[PDB]
Amino acid sequence: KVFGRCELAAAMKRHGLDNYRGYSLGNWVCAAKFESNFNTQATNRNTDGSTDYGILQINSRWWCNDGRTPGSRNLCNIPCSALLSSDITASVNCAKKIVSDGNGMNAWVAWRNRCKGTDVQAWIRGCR
Ligand SMILES: C[C@@H](O)CN1CCN(CC(=O)O)CCN(CC(=O)O)CCN(CC(=O)O)CC1
Ligand SMILES: C[C@@H](O)CN1CCN(CC(=O)O)CCN(CC(=O)O)CCN(CC(=O)O)CC1
Ligand SMILES: [Gd]
């Protein structure tokens, strides 16, 4: 599924991302835009053999099982394919674990480089 900006903002709000560990909703919408282009089906392979999955590009190295990242962890206890779902529940629940791990949203390279220190409110401006 390719989300609209306000559609995704509303879904992320409903699942409790707005102000989660102090990150306003616009941070999450900005991260999703540059990580996946709001596309739940986005996959990107990393040089180490791990893959990033879904709207927030969650890494199979630590967070999910794709059966092809040897000696990887599955800390969200999900098949990586569940992160490609039109329903962002799994992605959101797993993202809550990552952002909680001490590094906050710096885990998302696109957030660090393209969202951090910007007017992130702009990403939810106009949405009901
Ligand atoms: C509502 C319109 O803005 C939709 N838009 C109309 C054309 N726009 C005009 C403009 O953006 O001022 C120029 C192209 N636009 C640049 C950009 O948005 O960054 C990219 C495509 N957009 C992406 C988006 O807007 O979500 C969809 C089409
Ligand atoms: C052409 C316009 O799109 C100009 N735009 C500024 C005004 N936009 C308007 C809008 O997106 O409706 C609001 C904020 N915008 C939300 C979004 O893009 O999803 C994020 C910043 N954008 C990133 C981009 O557009 O790729 C920078 C350029
Ligand atoms: Gd924009």
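Residues: numbered from 1 along the sequence shown. Hydrogens, waters and symmetry mates are skipped; everything else that's a heavy atom, side chains included, is used.
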From [atom1] ([X]) to [atom2] ([Y]), nearest 0.5 Å:
X: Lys96; Y: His15; atom1: NZ; atom2: NE2; value: 8.5 Å
X: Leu8; Y: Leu17; atom1: CG; atom2: CG; value: 9.0 Å
X: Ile58; Y: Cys80; atom1: CD1; atom2: SG; value: 10.0 Å
X: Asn77; Y: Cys94; atom1: CG; atom2: SG; value: 9.5 Å
X: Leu84; Y: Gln41; atom1: CG; atom2: CD; value: 6.5 Å
X: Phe3; Y: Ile88; atom1: CZ; atom2: CD1; value: 5.0 Å

Can a side-chain donor-acceptor contact be found between [Y] and [X] if the only test is distance below 3.5 angstrom?
X: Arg68; Y: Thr51; value: yes
X: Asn37; Y: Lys33; value: yes
X: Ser24; Y: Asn27; value: yes
X: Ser85; Y: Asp87; value: no

What are the two closest non-hydrogen atoms of [X] and [Y], and how far apart are they?
X: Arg5; Y: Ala122; value: NH1-O, 3.7 Å
X: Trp123; Y: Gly26; value: CB-O, 3.8 Å
X: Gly49; Y: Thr69; value: O-OG1, 4.2 Å
X: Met105; Y: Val99; value: CG-CG2, 3.6 Å
X: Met12; Y: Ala32; value: CE-CB, 4.0 Å
X: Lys116; Y: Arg112; value: CB-O, 3.5 Å

Review point. Can we call the ring centroids of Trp108 and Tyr23 under 6.0 Å apart?
Key: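 No: the rings miss the under 6.0 Å criterion.
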Practice item. Would you confirm whether the ring centroid of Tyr53 sits within less than 6.0 angstrom of the ring centroid of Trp63? Key: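 No: the rings miss the under 6.0 Å criterion.
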Practice item. Report whether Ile98 and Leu75 are members of the same hydrophobic cluster (ILVMFWY, side-chain heavy atoms less than 4.5 Å apart, transitive linking). Key: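 Per the 4.5 Å side-chain linkage, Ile98 and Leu75 are co-clustered.
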Review point. Is the shortest heavy-atom distance from the side chain of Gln121 to the side chain of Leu25 under 4.5 Å?
Key: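 They are not in side-chain contact.
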Check your understanding: Given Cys6 and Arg128, is the side chain to side chain contact (heavy atoms under 4.5 Å, CB included) satisfied, shown in steps?
Key -> CA-CA 8 Å; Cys6 299; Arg128 289 197 60 101; over 6 Å; no
Practice item. Determine, step by step, whether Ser36 and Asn39 satisfy the side chain to side chain donor-acceptor pair (under 3.5 Å) criterion, reporting the C-alpha distance in whole Å, the side-chain angles of both residues, the deciding distance to 0.1 Å, and the verdict. Key: CA-CA 5 Å; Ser36 69; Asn39 180 10; over 6 Å; no
Exercise for review: Apply side chain to side chain contact (heavy atoms under 4.5 Å, CB included) to the pair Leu83 and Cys64, showing each step before the final yes or no.
Suggested key: CA-CA 9 Å; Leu83 297 173; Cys64 66; 3.7 Å; yes
Exercise for review: Kindly indicate, with the supporting measurements, whether the criterion disulfide bond (SG atoms under 2.5 Å apart) is fulfilled by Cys30 and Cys115.
Suggested key: CA-CA 6 Å; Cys30 185; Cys115 305; 2.0 Å; yes
Practice item. Taking only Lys NZ, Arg NE, NH1 and NH2, and the carboxylate oxygens of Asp or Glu, determine whether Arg114 and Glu35 approach each other closer than 4.0 Å. Key: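 Here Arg114 does not pair with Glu35 in a salt bridge, since their nearest N and O are not under 4.0 Å apart.
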